[PDB]
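Trainee: Sharing a structure below in structure tokens format, with a few things to ask.
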Amino acid sequence: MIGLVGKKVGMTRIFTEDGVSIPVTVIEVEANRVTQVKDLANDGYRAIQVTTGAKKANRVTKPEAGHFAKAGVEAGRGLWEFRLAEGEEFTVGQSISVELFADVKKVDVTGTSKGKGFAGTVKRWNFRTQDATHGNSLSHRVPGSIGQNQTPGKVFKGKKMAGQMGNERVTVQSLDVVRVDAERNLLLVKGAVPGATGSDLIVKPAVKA
Amino acid sequence: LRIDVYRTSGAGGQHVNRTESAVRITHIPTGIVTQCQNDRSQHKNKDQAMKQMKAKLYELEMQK
Amino acid sequence: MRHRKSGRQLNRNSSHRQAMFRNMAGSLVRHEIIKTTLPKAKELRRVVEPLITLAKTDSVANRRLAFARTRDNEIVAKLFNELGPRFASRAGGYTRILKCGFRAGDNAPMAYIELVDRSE
Amino acid sequence: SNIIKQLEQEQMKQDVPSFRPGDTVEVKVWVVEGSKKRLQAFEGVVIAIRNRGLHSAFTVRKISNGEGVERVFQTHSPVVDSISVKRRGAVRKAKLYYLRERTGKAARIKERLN
Amino acid sequence: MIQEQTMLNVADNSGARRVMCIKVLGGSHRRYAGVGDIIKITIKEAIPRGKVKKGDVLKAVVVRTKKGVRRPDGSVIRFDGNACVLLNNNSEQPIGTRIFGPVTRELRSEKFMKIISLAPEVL
Amino acid sequence: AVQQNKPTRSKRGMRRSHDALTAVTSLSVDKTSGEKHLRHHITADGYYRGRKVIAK
RNA sequence: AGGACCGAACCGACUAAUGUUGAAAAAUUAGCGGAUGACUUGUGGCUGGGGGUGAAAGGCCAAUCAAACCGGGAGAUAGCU
RNA sequence: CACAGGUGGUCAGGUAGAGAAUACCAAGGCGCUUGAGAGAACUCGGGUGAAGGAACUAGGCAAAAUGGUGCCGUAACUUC
RNA sequence: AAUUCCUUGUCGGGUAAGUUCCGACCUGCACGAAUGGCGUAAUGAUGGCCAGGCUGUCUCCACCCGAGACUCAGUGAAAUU
RNA sequence: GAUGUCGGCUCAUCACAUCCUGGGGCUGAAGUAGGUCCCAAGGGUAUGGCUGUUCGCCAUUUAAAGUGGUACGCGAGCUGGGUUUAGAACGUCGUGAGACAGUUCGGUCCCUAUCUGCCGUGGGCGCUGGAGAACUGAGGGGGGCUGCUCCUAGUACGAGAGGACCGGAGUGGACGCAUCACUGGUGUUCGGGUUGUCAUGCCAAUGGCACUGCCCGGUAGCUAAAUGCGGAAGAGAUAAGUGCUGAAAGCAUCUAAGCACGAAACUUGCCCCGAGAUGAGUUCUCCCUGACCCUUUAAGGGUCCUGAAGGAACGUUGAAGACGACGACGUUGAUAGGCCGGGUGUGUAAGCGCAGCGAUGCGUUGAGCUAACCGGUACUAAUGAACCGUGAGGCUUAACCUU
Ligand SMILES: [Mg+2]
Ligand SMILES: [Mg+2]
Ligand SMILES: [Mg+2]
Ligand SMILES: [Mg+2]
Ligand SMILES: [Mg+2]
Ligand SMILES: [Mg+2]
Ligand SMILES: [Mg+2]
Ligand SMILES: [Mg+2]
Ligand SMILES: [Mg+2]
Ligand SMILES: [Mg+2]
Ligand SMILES: [Mg+2]
Ligand SMILES: [Mg+2]
Ligand SMILES: [Mg+2]
Ligand SMILES: [Mg+2]
Ligand SMILES: [Mg+2]
Ligand SMILES: [Mg+2]
Ligand SMILES: [Mg+2]
Ligand SMILES: [Mg+2]
Ligand SMILES: [Mg+2]
Ligand SMILES: [Mg+2]
Ligand SMILES: [Mg+2]
Ligand SMILES: [Mg+2]
Ligand SMILES: [Mg+2]
Ligand SMILES: [Mg+2]
Ligand SMILES: [Mg+2]
Ligand SMILES: [Mg+2]
Ligand SMILES: [Mg+2]
Ligand SMILES: [Mg+2]
Ligand SMILES: [Mg+2]
Ligand SMILES: [Mg+2]
């Protein structure tokens, strides 16, 4: 089933009558406007091109403006694609609300993660640090060894090294959606999603179930 | 018999550190264990610690 | 990691930095315009302008408060009695950043920090 | 953030008494017992006040049977039924974590009657 | 949050005073134990006349934690130190009868029902 | 932490391809007088946006 | 009274950590030992290499010591490289 | 080497303090001849860390803690 | 035992568990009486072991402040090849 | 004209001759529990005590505590306990210097990475008029573990003691991803306390230094011990194995003919990177629609003219960031700093009057102050502008507007 794109308002908790705190994520799931419906006949496969937010009429670039004009709707802050299930038909000049996500009980949220910068071997890959004391000479937070010796000769591809962590679109999956708000364009889901306040989020339904 | 080899405890540079010369023999149903790390060769020790193992087995059988 | 960690450190230790700010602000108050490094100038904005705002409110407690960050007995007076009527009908915006060039000895981006009401 | 604030405001408790730190307060808590919900009284000293809007919390300190009990209650929860203050505390302090080691006569603080 | 080598005060009247945890029981590589969890302990301080003797190994259940135990509503219940009740190795039930101090809502199940009945205060 | 062979002049040249500076695209012009200056930095005289602000 | 004690100057040098194309051909930093004595230090003086001196480590004898440095034998010799 | 080292003697200002310790200051000198940024890992010198409390490790190495003056008090052993 | 190879000797204490330690046994490979034997208060930057305390040593690392490392301008190495 | 040795650490990785998980055969497999044998390497595979040890032994665990390879991996990654120097001592042997796979105490571990590799990350250029986008997915990687308890049932067995099945639920532990709402941690740009001190003419009130002077707190943010999630559910072709029907060989046969199942292996399904996948894919959208010459008449050289899309570069910046890069704004603007209204932390600021000898307290007053919070508001600056970028797009065939 098709997803819907939102934006992080932040975190909050639901106090229930029974007495269970539910750490709900508040996502500004706005009027997701259709720009293009991809198909099998000419394009190749089934997908939907969606847009969310608002961009200035003066700031928006000419080809992008043209594209928007062709579609027949106002410009947002980016474009996102969602793979269609066999049995869903949508128009070009259309806007999708949070009404579609009223039926589902679980969702899978993709988001641009908090950019950890140049993470060290310990912070990136959850390494044990070497001894802080006990003779250790300038090695406390370092990888230690990387390879073996003369036999492998090289160091293996995809090895756990210090480098860029975060700043990457990643999914947290099977998250329990608690409340659906169509009046003020909100989505309320149990748990925590990637990104900061104002991070443009990608909310897919339960592909796991 | 259960025959197991390991490193000799102590001094000898690169040589003793890199030998499995020391041997321990354990009798499986009994639980009596005889070790030796005397001679340089594994093979002398194996037969000396077996000779010792045999001796100890006799004692066990003599004592029972 | 400096996620939303505002306040440019400017190499110096914290107390030293504070002292510099105190001095810098005083200088600004005195001379109406001071030639300085751009980041330094920027940093100065978020201590001197607040002090100016404080001065705008004329009272003994305010004066006492000023006698800390700004420190000087004459500078404070200038802020209160002369710079008070200077800025009366303007919310914030007491400072003006105008870049000039580079500090030739080390090639440092130089900017003139000044009080907005400079001309008169 | 504004939307979040709005959400909080209607969910927040409208019947919270203005309670000081150091106060001798009795907290009626809705404890579960088998299936039926039961009220339990926990009378102690206010040693911390956290104020976050909806996520506001308060720490209660009393010594039970010998061992001291620190219990943080979420202020905007339906579980906490009654905030019943008896006698106020006369301190010039908010978060009184020195009571964690203070026992006996040293545990008793001056009474605020202002 | 009890672990290995951790000293604890005795909650019951079995005949012990200070008890040191030697194993966090119930799973591989297990390190942290909250309330209502079984940990293998040794007795290091004993009351002269008691059922349990110094240097005895036995399993025991966690009753109070200084770290603090959580409710579903997010409320935490801290305690002044860390305390435990001493259990039998085979039957998996308490040795002592008189228990001093408060217990927890997380403690109460089939095995520790008796313990909760015994205890004067439950939190 | 030392070279094992001598690297070429070629290699060095290749390395230096990025190390070469970026030239300033164009000068900025004062509208009133016609003074050529750096971008967002003031003129030699003290003019800025067709207005003299600094005497020095 | 103290080859007393704690402890600065002073004298050392136990431990770490740094530094190891060093700030430095042995140092810094934090600690550590002695600190009225078999103390420590300045100024001058003597002892000379199979010799000196040595609370003795073959230690020290000008960043060199199981026999200093320099010049000479001397282009030693080198079945070795 | 304009080298964090090595070099003997004379002078001893204020308050605190047993003190030439240490602490701010007076006299008097200096800011240590590259800076300017930014604010990754990592290294260095540190600060603080929930719960534990040596489980670390070869070894409590390091670190932490202890620490002052008066008063009370003080064991085995002892060459008293 | 600073000596015991066999040996982590055997027994006891200490520990949940102790090749270390302390006590003892004695079968001293190969102690031993001024190349002293055996005791011994005090002393030790002495060796080993244990207990309390104390703690980021560690579980398990987290953050923060500084000097670098990173960018710019300035000057400008080296080992090595 | 140098191959650092054991061990520990930190990272591992491959190998199956699999320790467990998992599938299966046999059993002297009633059942649990097993034993063994065949498959099978996706993942997991202990903390301590003693010892320098690996080993081992023990304590406890655990679903299990695999055996190995990898210079018995890994010292230009750490340690240096063992060992392999120089001191010393013991036993011992030696007349002696000294020596011992005898013991014992003490004893410098250097290297700023050129290339390959790797981790990330850019720039140039390419993909053929030029852009701005949206994406497929060639491929690659990550992740792939499980226990315990309850329900079915004290029932399928079983003299009995006892206690058995597939399947589902709960629910943990270790690991990974995400995050801050909670609990905290931190917080030297916030408040308050206090010791010493010096300075502000002096009282007050402040400030400076003292590791932030030492503390008690604590905002944003990062962050775990926190709390959400995740191991997928499953789905294909399978391994040993299990078969089905069925010949050579009138029996008979998992097979030569067809057809089913069978693990965590493998192809997909989940997440991510990813058309430099040069085989460079597709789709949407925009933009530039000019005249003349020259020698060799041509993918030739140009000349003027034009500058579009767009881009930088700058400036402001960002929960992006080592540096590019990436993302948001450039007056139509909340882009940044400060401001105004609100919110958080701290605990009645100072002045004033009162009481007390005075310290001090009282009232004044939950009082003033408050980073990075939130919302508003152009107060200042980010202005006019220029620069690169260009000019309706090549050759050969063919399906058609007009077959
Ligand atoms: Mg470790
Ligand atoms: Mg070292
Ligand atoms: Mg070193
Ligand atoms: Mg270090
Ligand atoms: Mg190596
Ligand atoms: Mg090779
Ligand atoms: Mg600097
Ligand atoms: Mg003396
Ligand atoms: Mg020193
Ligand atoms: Mg002494
Ligand atoms: Mg000679
Ligand atoms: Mg010659
Ligand atoms: Mg100099
Ligand atoms: Mg001094
Ligand atoms: Mg603590
Ligand atoms: Mg260990
Ligand atoms: Mg240990
Ligand atoms: Mg120490
Ligand atoms: Mg024993
Ligand atoms: Mg003995
Ligand atoms: Mg002798
Ligand atoms: Mg004699
Ligand atoms: Mg004799
Ligand atoms: Mg021990
Ligand atoms: Mg701690
Ligand atoms: Mg196989
Ligand atoms: Mg090796
Ligand atoms: Mg090694
Ligand atoms: Mg050694
Ligand atoms: Mg090294």
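How things are named: the first chain in the structure tokens is A, the next is B, and so on; residues count from 1 in each chain; ligands count from 1 in the order shown.
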At most 9 Å is the cut-off: for each residue in chain G with any atom that close to an atom of ligand 12, write down the nearest atom pair and the distance in Å rounded to one decimal, counting only C-alpha atoms (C1' of nucleotides) and all ligand atoms, chain first then increasing number, as a tab-separated table.

Mentor:
```
residue	atom	partner	partner_atom_place_in_ligand_line	distance
G:74	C1'	ligand 12	1 (Mg)	8.6
G:75	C1'	ligand 12	1 (Mg)	6.5
G:76	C1'	ligand 12	1 (Mg)	7.3
G:77	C1'	ligand 12	1 (Mg)	7.8
G:78	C1'	ligand 12	1 (Mg)	8.7
```

Trainee: Got a sec: who's within 10 Å of residue 57 in chain H, counting only C-alpha atoms (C1' of nucleotides), leaving out chain neighbours fewer than 3 positions off, as a list in words?

Mentor: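 Surrounding residues, per the criterion: residues 131, 133 and 134 of chain A; 54, 60 and 61 of chain H; 57 and 58 of chain I; 8 and 81 of chain J.
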
Trainee: Could you please write out, as a ChimeraX atom specification, every residue of range 22-64 of chain E that DSSP assigns to strand (DSSP E)?

Mentor: /E:22-23,38-46,57-64

Trainee: Identify, counting only C-alpha atoms (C1' of nucleotides) and all ligand atoms, the protein, DNA and RNA residues located within 10 Å of ligand 1, and give them as a PyMOL selection string.

Mentor: (chain A and resi 127-132+140) or (chain H and resi 56) or (chain I and resi 58-60) or (chain J and resi 9-10)

Trainee: Got a sec to pull out which chain F residues are within 9 Å of chain C, counting only C-alpha atoms, and send them as an MDAnalysis selection string?

Mentor: chainID F and resid 38 40:44 46 48 53:54

Trainee: Generate the output file for the selected residues, N, CA, C and O atoms, as a short mmCIF file (atom, residue, chain, number, x, y, z; two decimals), in the first residue's frame.

Mentor:
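Written out: again10.cif:
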```
data_model
loop_
_atom_site.label_atom_id
_atom_site.label_comp_id
_atom_site.auth_asym_id
_atom_site.auth_seq_id
_atom_site.Cartn_x
_atom_site.Cartn_y
_atom_site.Cartn_z
N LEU F 38 35.48 44.55 -3.49
CA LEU F 38 35.12 43.18 -3.13
C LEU F 38 33.64 43.04 -2.81
O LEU F 38 32.97 44.02 -2.47
N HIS F 40 30.30 42.32 -0.91
CA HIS F 40 29.79 42.59 0.46
C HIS F 40 30.76 43.31 1.41
O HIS F 40 30.41 43.60 2.56
N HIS F 41 31.97 43.59 0.92
CA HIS F 41 32.95 44.41 1.63
C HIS F 41 32.93 45.83 1.05
O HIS F 41 32.72 46.00 -0.15
N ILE F 42 33.16 46.83 1.91
CA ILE F 42 33.09 48.25 1.51
C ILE F 42 34.21 48.67 0.54
O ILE F 42 35.18 47.93 0.34
N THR F 43 34.06 49.86 -0.04
CA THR F 43 35.04 50.44 -0.96
C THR F 43 36.30 50.92 -0.23
O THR F 43 36.38 50.87 1.00
N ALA F 44 37.28 51.39 -1.01
CA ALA F 44 38.52 51.96 -0.49
C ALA F 44 38.30 53.25 0.30
O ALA F 44 38.95 53.48 1.32
N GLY F 46 35.22 54.28 1.68
CA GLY F 46 34.27 54.06 2.78
C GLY F 46 32.82 54.14 2.34
O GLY F 46 31.92 54.19 3.19
N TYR F 48 29.38 52.66 0.62
CA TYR F 48 28.64 51.40 0.65
C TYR F 48 27.18 51.63 0.27
O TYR F 48 26.49 52.45 0.90
N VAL F 53 29.75 55.79 4.68
CA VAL F 53 29.44 55.48 6.08
C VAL F 53 30.65 55.58 7.00
O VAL F 53 30.52 56.00 8.16
N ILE F 54 31.82 55.19 6.49
CA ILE F 54 33.07 55.21 7.26
C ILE F 54 34.04 56.22 6.63
O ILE F 54 34.28 56.18 5.42
#
```

Trainee: Show me, as a PyMOL selection string, the residues of chain E whose atoms get within 10 Å of chain I, using only C-alpha atoms (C1' of nucleotides) for the distance check.

Mentor: chain E and resi 3-4+20-23+31-32+40-43+55-58

Trainee: Please identify all protein, DNA and RNA residues within 9 Å of ligand 30, counting only C-alpha atoms (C1' of nucleotides) and all ligand atoms, and report them as a VMD selection string.

Mentor: (chain A and resid 137) or (chain J and resid 75 to 78 109 to 111)

Trainee: Go ahead and write the selection's residues with N, CA and C atoms (P, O5', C5', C4', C3', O3' and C1' of nucleotides) as a PDB file, in the first residue's frame.

Mentor:
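again_31.pdb, freshly written:
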```
ATOM      1  N   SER A 137      48.713   3.616  25.444  1.00  0.00           N
ATOM      2  CA  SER A 137      49.428   4.741  24.883  1.00  0.00           C
ATOM      3  C   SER A 137      48.727   5.221  23.622  1.00  0.00           C
TER       4      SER A 137
ATOM      5  P     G J  75      50.942  -7.133  14.715  1.00  0.00           P
ATOM      6  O5'   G J  75      50.765  -6.545  16.185  1.00  0.00           O
ATOM      7  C5'   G J  75      50.129  -5.270  16.405  1.00  0.00           C
ATOM      8  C4'   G J  75      51.071  -4.337  17.121  1.00  0.00           C
ATOM      9  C3'   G J  75      52.318  -3.950  16.341  1.00  0.00           C
ATOM     10  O3'   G J  75      52.058  -2.810  15.527  1.00  0.00           O
ATOM     11  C1'   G J  75      52.859  -4.515  18.602  1.00  0.00           C
ATOM     12  P     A J  76      52.687  -2.708  14.056  1.00  0.00           P
ATOM     13  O5'   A J  76      52.567  -1.156  13.710  1.00  0.00           O
ATOM     14  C5'   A J  76      53.197  -0.153  14.534  1.00  0.00           C
ATOM     15  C4'   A J  76      53.461   1.107  13.743  1.00  0.00           C
ATOM     16  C3'   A J  76      52.269   1.709  13.005  1.00  0.00           C
ATOM     17  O3'   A J  76      51.440   2.494  13.853  1.00  0.00           O
ATOM     18  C1'   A J  76      54.117   1.615  11.548  1.00  0.00           C
ATOM     19  P     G J  77      49.881   2.682  13.509  1.00  0.00           P
ATOM     20  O5'   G J  77      49.343   1.186  13.353  1.00  0.00           O
ATOM     21  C5'   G J  77      49.467   0.195  14.402  1.00  0.00           C
ATOM     22  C4'   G J  77      48.487   0.486  15.507  1.00  0.00           C
ATOM     23  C3'   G J  77      48.914   0.096  16.913  1.00  0.00           C
ATOM     24  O3'   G J  77      49.812   1.019  17.524  1.00  0.00           O
ATOM     25  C1'   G J  77      46.687  -0.593  16.546  1.00  0.00           C
ATOM     26  P     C J  78      50.911   0.498  18.582  1.00  0.00           P
ATOM     27  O5'   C J  78      50.072   0.301  19.919  1.00  0.00           O
ATOM     28  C5'   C J  78      49.533   1.435  20.611  1.00  0.00           C
ATOM     29  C4'   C J  78      48.845   0.993  21.874  1.00  0.00           C
ATOM     30  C3'   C J  78      49.714   0.236  22.862  1.00  0.00           C
ATOM     31  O3'   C J  78      50.539   1.074  23.661  1.00  0.00           O
ATOM     32  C1'   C J  78      47.677  -0.920  22.573  1.00  0.00           C
ATOM     33  P     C J 109      58.968   2.164  26.550  1.00  0.00           P
ATOM     34  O5'   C J 109      59.254   1.217  25.300  1.00  0.00           O
ATOM     35  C5'   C J 109      59.716   1.752  24.045  1.00  0.00           C
ATOM     36  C4'   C J 109      59.093   1.002  22.896  1.00  0.00           C
ATOM     37  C3'   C J 109      57.592   1.217  22.711  1.00  0.00           C
ATOM     38  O3'   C J 109      57.292   1.436  21.337  1.00  0.00           O
ATOM     39  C1'   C J 109      58.062  -1.090  22.886  1.00  0.00           C
ATOM     40  P     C J 110      56.313   2.629  20.901  1.00  0.00           P
ATOM     41  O5'   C J 110      57.265   3.577  20.047  1.00  0.00           O
ATOM     42  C5'   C J 110      58.305   4.366  20.660  1.00  0.00           C
ATOM     43  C4'   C J 110      59.104   5.085  19.599  1.00  0.00           C
ATOM     44  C3'   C J 110      58.353   5.376  18.306  1.00  0.00           C
ATOM     45  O3'   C J 110      57.635   6.599  18.387  1.00  0.00           O
ATOM     46  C1'   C J 110      60.402   4.308  17.799  1.00  0.00           C
ATOM     47  P     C J 111      56.089   6.639  17.990  1.00  0.00           P
ATOM     48  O5'   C J 111      56.134   6.671  16.398  1.00  0.00           O
ATOM     49  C5'   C J 111      56.522   7.870  15.703  1.00  0.00           C
ATOM     50  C4'   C J 111      56.876   7.568  14.269  1.00  0.00           C
ATOM     51  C3'   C J 111      55.745   7.092  13.374  1.00  0.00           C
ATOM     52  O3'   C J 111      55.067   8.217  12.835  1.00  0.00           O
ATOM     53  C1'   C J 111      57.691   5.779  13.003  1.00  0.00           C
TER      54        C J 111
END
```

Trainee: Let me see if you get this right: every residue at most 9 Å from ligand 28, counting only C-alpha atoms (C1' of nucleotides) and all ligand atoms, written as a PyMOL selection string.

Mentor: chain J and resi 4-7+74-75+79-80

Trainee: Keeping only N, CA, C and O atoms (P, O5', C5', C4', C3', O3' and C1' of nucleotides), write those residues as a PDB file, in the first residue's frame.

Mentor:
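Written file, selection32.pdb:
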```
ATOM      1  P     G J   4      60.555  -7.903  12.190  1.00  0.00           P
ATOM      2  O5'   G J   4      59.128  -7.614  12.837  1.00  0.00           O
ATOM      3  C5'   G J   4      58.420  -8.643  13.554  1.00  0.00           C
ATOM      4  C4'   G J   4      59.311  -9.248  14.613  1.00  0.00           C
ATOM      5  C3'   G J   4      58.597 -10.077  15.674  1.00  0.00           C
ATOM      6  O3'   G J   4      58.567 -11.450  15.299  1.00  0.00           O
ATOM      7  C1'   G J   4      59.895  -8.409  16.726  1.00  0.00           C
ATOM      8  P     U J   5      57.201 -12.110  14.789  1.00  0.00           P
ATOM      9  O5'   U J   5      56.853 -13.160  15.936  1.00  0.00           O
ATOM     10  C5'   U J   5      56.680 -12.741  17.306  1.00  0.00           C
ATOM     11  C4'   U J   5      57.305 -13.745  18.244  1.00  0.00           C
ATOM     12  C3'   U J   5      56.462 -14.108  19.458  1.00  0.00           C
ATOM     13  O3'   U J   5      55.551 -15.165  19.167  1.00  0.00           O
ATOM     14  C1'   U J   5      58.658 -13.532  20.151  1.00  0.00           C
ATOM     15  P     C J   6      53.963 -14.922  19.288  1.00  0.00           P
ATOM     16  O5'   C J   6      53.591 -15.621  20.670  1.00  0.00           O
ATOM     17  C5'   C J   6      53.882 -17.008  20.935  1.00  0.00           C
ATOM     18  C4'   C J   6      53.503 -17.343  22.359  1.00  0.00           C
ATOM     19  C3'   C J   6      52.149 -16.811  22.805  1.00  0.00           C
ATOM     20  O3'   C J   6      51.087 -17.698  22.475  1.00  0.00           O
ATOM     21  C1'   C J   6      53.791 -16.162  24.378  1.00  0.00           C
ATOM     22  P     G J   7      49.692 -17.109  21.943  1.00  0.00           P
ATOM     23  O5'   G J   7      49.124 -16.328  23.209  1.00  0.00           O
ATOM     24  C5'   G J   7      48.724 -17.052  24.384  1.00  0.00           C
ATOM     25  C4'   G J   7      48.726 -16.157  25.599  1.00  0.00           C
ATOM     26  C3'   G J   7      47.723 -15.022  25.602  1.00  0.00           C
ATOM     27  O3'   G J   7      46.390 -15.479  25.763  1.00  0.00           O
ATOM     28  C1'   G J   7      49.784 -14.237  26.434  1.00  0.00           C
ATOM     29  P     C J  74      49.844 -12.353  14.186  1.00  0.00           P
ATOM     30  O5'   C J  74      49.210 -10.891  14.206  1.00  0.00           O
ATOM     31  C5'   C J  74      49.125 -10.073  13.019  1.00  0.00           C
ATOM     32  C4'   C J  74      48.186  -8.914  13.258  1.00  0.00           C
ATOM     33  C3'   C J  74      48.491  -8.068  14.482  1.00  0.00           C
ATOM     34  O3'   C J  74      49.449  -7.077  14.120  1.00  0.00           O
ATOM     35  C1'   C J  74      46.189  -8.646  14.469  1.00  0.00           C
ATOM     36  P     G J  75      50.942  -7.133  14.715  1.00  0.00           P
ATOM     37  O5'   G J  75      50.765  -6.545  16.185  1.00  0.00           O
ATOM     38  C5'   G J  75      50.129  -5.270  16.405  1.00  0.00           C
ATOM     39  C4'   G J  75      51.071  -4.337  17.121  1.00  0.00           C
ATOM     40  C3'   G J  75      52.318  -3.950  16.341  1.00  0.00           C
ATOM     41  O3'   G J  75      52.058  -2.810  15.527  1.00  0.00           O
ATOM     42  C1'   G J  75      52.859  -4.515  18.602  1.00  0.00           C
ATOM     43  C1'   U J  79      50.025  -3.598  26.566  1.00  0.00           C
ATOM     44  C3'   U J  79      51.530  -2.164  27.756  1.00  0.00           C
ATOM     45  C4'   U J  79      50.385  -1.362  27.187  1.00  0.00           C
ATOM     46  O3'   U J  79      51.702  -1.804  29.124  1.00  0.00           O
ATOM     47  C5'   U J  79      50.944  -0.164  26.442  1.00  0.00           C
ATOM     48  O5'   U J  79      51.599  -0.564  25.244  1.00  0.00           O
ATOM     49  P     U J  79      51.972   0.541  24.139  1.00  0.00           P
ATOM     50  P     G J  80      53.115  -1.254  29.627  1.00  0.00           P
ATOM     51  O5'   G J  80      53.990  -2.581  29.724  1.00  0.00           O
ATOM     52  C5'   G J  80      53.579  -3.661  30.579  1.00  0.00           C
ATOM     53  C4'   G J  80      54.181  -4.961  30.111  1.00  0.00           C
ATOM     54  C3'   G J  80      55.709  -5.009  30.060  1.00  0.00           C
ATOM     55  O3'   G J  80      56.285  -6.044  30.856  1.00  0.00           O
ATOM     56  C1'   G J  80      54.752  -5.839  28.040  1.00  0.00           C
TER      57        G J  80
END
```

Trainee: What do you get as JSON, numbers by chain if you pick all residues at most 12 Å from ligand 14, counting only C-alpha atoms (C1' of nucleotides) and all ligand atoms?

Mentor: {"G": [8, 9], "H": [19, 20, 21, 22, 23, 24]}

Trainee: Using only C-alpha atoms, can you tell me which of E:36, E:120, E:48, E:72 comes closest to chain A?

Mentor: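 So, comparing all the options, the nearest one is E:72.
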
Trainee: So which residues touch residue 30 in chain F within 8 Å, counting only C-alpha atoms (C1' of nucleotides), skipping near sequence neighbours fewer than 2 positions away, as number ranges by chain?

Mentor: F: 28, 32-37, 43, 47-50

Trainee: Once you have the residues from the selection above, write them out as a short mmCIF file (atom, residue, chain, number, x, y, z; two decimals), in the first residue's frame, restricted to C-alpha atoms.

Mentor:
```
data_model
loop_
_atom_site.label_atom_id
_atom_site.label_comp_id
_atom_site.auth_asym_id
_atom_site.auth_seq_id
_atom_site.Cartn_x
_atom_site.Cartn_y
_atom_site.Cartn_z
CA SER F 28 31.61 44.69 -7.31
CA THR F 32 27.07 56.49 -7.49
CA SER F 33 30.85 57.00 -7.93
CA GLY F 34 31.97 53.90 -9.87
CA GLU F 35 34.33 52.34 -7.32
CA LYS F 36 35.48 48.76 -7.92
CA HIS F 37 35.43 46.64 -4.74
CA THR F 43 35.04 50.44 -0.96
CA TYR F 47 31.28 54.12 0.41
CA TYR F 48 28.64 51.40 0.65
CA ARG F 49 25.40 51.05 -1.38
CA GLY F 50 26.08 54.54 -2.83
#
```

Trainee: Report, in Å to a single decimal, how far apart CA of residue 51 in chain C and CA of residue 65 in chain C are.

Mentor: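 We find that CA of residue 65 in chain C and CA of residue 51 in chain C lie 8.9 Å from each other.
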
Trainee: Using only C-alpha atoms (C1' of nucleotides) and all ligand atoms, what are the residues with an atom within 8 Å of ligand 6, set out as a list in words?

Mentor: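 Sorted by chain and then by number, the residues are residues 150, 151, 152, 153 and 154 of chain A.
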
Trainee: Name the residues in contact with residue 68 in chain I at a cut-off of 12 Å, using only C-alpha atoms (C1' of nucleotides), excluding same-chain residues fewer than 4 positions from it; report them as a list in words.

Mentor: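 Those residues are residues 11 of chain C; 42, 43, 44 and 45 of chain H.
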
Trainee: In Å, how far is it from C1' of residue 49 in chain G to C1' of residue 65 in chain G?

Mentor: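 Value for the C1' of residue 49 in chain G-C1' of residue 65 in chain G distance: 10.5 Å.
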
Trainee: Just the residues within 10 Å of range 91-105 of chain D, please, counting only C-alpha atoms (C1' of nucleotides), with nothing from its chain fewer than 2 positions along; format it as a PyMOL selection string.

Mentor: (chain D and resi 20-23+45-50+59+61-63+68-70+88-89+107-112) or (chain E and resi 79-80) or (chain J and resi 192+216-218+345-348)

Trainee: Given a cut-off of 7 Å, which residues of chain E touch chain J, counting only C-alpha atoms (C1' of nucleotides), written out as number ranges by chain?

Mentor: E: 23, 27-30, 74, 76

Trainee: Apply DSSP to the structure's backbone, then extract all residues of chain B labelled alpha helix (DSSP H) and return them as number ranges by chain.

Mentor: B: 42-63
